[PDB]
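In full-length UniProt numbering, the protein residues as written are 4 to 260.
Quick notes on the structure that follows.
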Ligand SMILES: [Zn+2]
């Protein structure tokens, strides 16, 4: 099955998922000089005050913090979006070393990690129907650099020991994702895809310009997770990022000058 090893990594995914070579694949390099300011773009509206986290799961590709999405509790609206998108989960991608780990890049710069807050368009009723639509998902991407600790991340870091291996989960209630946001909500946006199989071309990407800072110790703990299941040879969950894909016939728009 697909993964991030030498034998099953991103360069192999097209054999099972031919859309991997499609016209609107993610992630991409964000060339800052070519992204054009679009004065028609609105401020992003991030409404997470009533977010209800439930569980954290190691799915063998990353860890997901899952939310109750049975009602409009934590929603993303505005920005480039038409309509209301409900938060279902967040997860990260990260590297074996601080100099790599992000999926998007900025003028070819790789950050240490990248947070994806995944939201689905409520007009399609459920996540499964949403991923079949070109405007079905909105993913808020936030870069992580290593420096000062991010206090609002520590609760996530501290539970990781309990979900070391694929298939493990732990209760994870009352987590406030507002603690993972940077100060500014300035962003780039473009149409793209899921960055893991099935690689569906159903995502409006919104990537924040301002990275958050996390400490070396925080990200070191990410790197102690495992891709493997319990009792299997240990494969550290590191370098779980898909590299940048061709931009093709797309324009990246900036919300800021
Ligand atoms: Zn992701």
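Even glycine gets a Cβ: it sits at the ideal position worked out from N, Cα and C.
Does the segment 63-72 come into contact with the segment 34-41, if we say contact requires no fewer than three beta-carbon pairs (one atom in each stretch) closer than 8 Å? no
For residue 220, the first and last residue of its enclosing alpha helix (DSSP H): Here residue 220 refers to the residue found at position 217 of the chain shown. Start and end: 219-225.
Residue 230 (DSSP reduced to helix, strand or coil): Start at 1 with the first residue of the chain shown, and residue 230 comes out as number 227. Reduced to three states, the DSSP call for residue 230 is coil.
Taking 8 Å as the threshold (C-beta atoms), are residue 69 and residue 79 in contact? As a first step, residue 79 is located in the chain shown; it is residue number 76 there, counting from the start. As a first step, residue 69 is located in the chain shown; it is residue number 66 there, counting from the start. Contact flag unset, no.
As a quick check of your reading: which residues have a C-beta less than 6 Å from at least one non-hydrogen atom of ligand 1, in chain order? 94, 96, 119 and 198
For the segment 84-100 against the segment 115-125, do three or more pairs of beta-carbon atoms, one drawn from each stretch, fall closer than 8 Å, so that the two count as touching? yes
Just checking, does the segment 23-30 make contact with the segment 230-248 on the three C-beta pairs under 8 Å criterion? yes
Got a sec? Which residues, its chain only, sit under 7 Å from residue 76 by beta carbon, not counting five neighbours each side? Mapped onto the chain shown, residue 76 falls at position 73. Answer for residue 76: 53, 54 and 55, listed in chain order.
Could you name each continuous alpha helix (DSSP H) segment of 4 residues or more that falls completely within the segment 51-129, going from the start of the chain to the end? none
Return helix, strand or coil for residue 16, following the three-state DSSP convention. Start at 1 with the first residue of the chain shown, and residue 16 comes out as number 13. Looking at residue 16 - three-state DSSP - the assignment turns out to be helix.
Euclidean distance between Cα positions of residue 168 and residue 218: Locating residue 168 in the chain shown gives position 165, counting from the first residue. Locating residue 218 in the chain shown gives position 215, counting from the first residue. One C-alpha to the other measures close to 23 Å.
So, residue 162 versus residue 175, is the Cβ gap smaller than 8 Å? Here residue 162 corresponds to residue number 159 of the chain shown, with the count starting at 1. Here residue 175 corresponds to residue number 172 of the chain shown, with the count starting at 1. For residue 162 and residue 175, yes; Cβs fall inside 8 Å.
Closest to residue 203 by C-alpha separation, out of 221, 184, 224 and 133, would be which residue? For the purposes of this step, residue 203 is identified with residue 200 of the chain shown, where counting begins at 1. Taking only the C-alpha atoms, the option nearest residue 203 is 133.
Can you name the start and end residues of the beta strand (DSSP E) that residue 148 belongs to? Indexing the chain shown from 1 puts residue 148 at position 145. Per DSSP, residue 148 belongs to the beta strand (DSSP E) from 140-149.
Identity of the residue in 180, 44, 24 and 110 nearest residue 209 by Cα: For the purposes of this step, residue 209 is identified with residue 206 of the chain shown, where counting begins at 1. Residue 44 is the option with its Cα nearest to residue 209.
Any idea what DSSP makes of residue 48, helix, strand or coil? What you label residue 48 is simply residue 45 of the chain shown in a count that begins at 1. In the structure shown, residue 48 sits in a strand (DSSP, three-state: E or B).
Taking just the CA atoms, how far does residue 238 sit from residue 205? Taking the first residue of the chain shown as position 1, residue 205 is located at position 202. Taking the first residue of the chain shown as position 1, residue 238 is located at position 235. If you take the alpha carbons of residue 205 and residue 238, they lie about 31 Å apart.
Between the Cα of residue 5 and the Cα atoms of 211, 198, 181 and 214, which residue gives the shortest distance? On the chain shown, residue 5 is found 2 positions in, with the first residue counted as 1. For the residues 211, 198, 181 and 214, the minimum Cα distance to residue 5 belongs to 198.
Cβ-Cβ distance between residue 142 and residue 120 below 8 Å: Here residue 142 corresponds to residue number 139 of the chain shown, with the count starting at 1. Here residue 120 corresponds to residue number 117 of the chain shown, with the count starting at 1. Yes, they are a contact pair.
Please report how far the alpha carbon of residue 117 lies from the alpha carbon of residue 147, in whole angstroms. For the purposes of this step, residue 117 is taken as the residue at position 114 of the chain shown. For the purposes of this step, residue 147 is taken as the residue at position 144 of the chain shown. Cα-Cα distance, rounded: 6 Å.
Does the distance between the C-beta of residue 80 and the nearest non-hydrogen atom of ligand 3 fall short of 7 Å? Summarising the ligand content, the structure contains ligand 1 and does not contain ligand 3.
Beta-carbon gap between residue 214 and residue 114 smaller than 8 Å: Numbered from 1 along the chain shown, position 211 holds the residue referred to as residue 214. Numbered from 1 along the chain shown, position 111 holds the residue referred to as residue 114. Yes, they are a contact pair.
Along the chain, which unbroken stretches of the beta strand (DSSP E) at least 3 residues long are found entirely within the segment 145-186? 172-174
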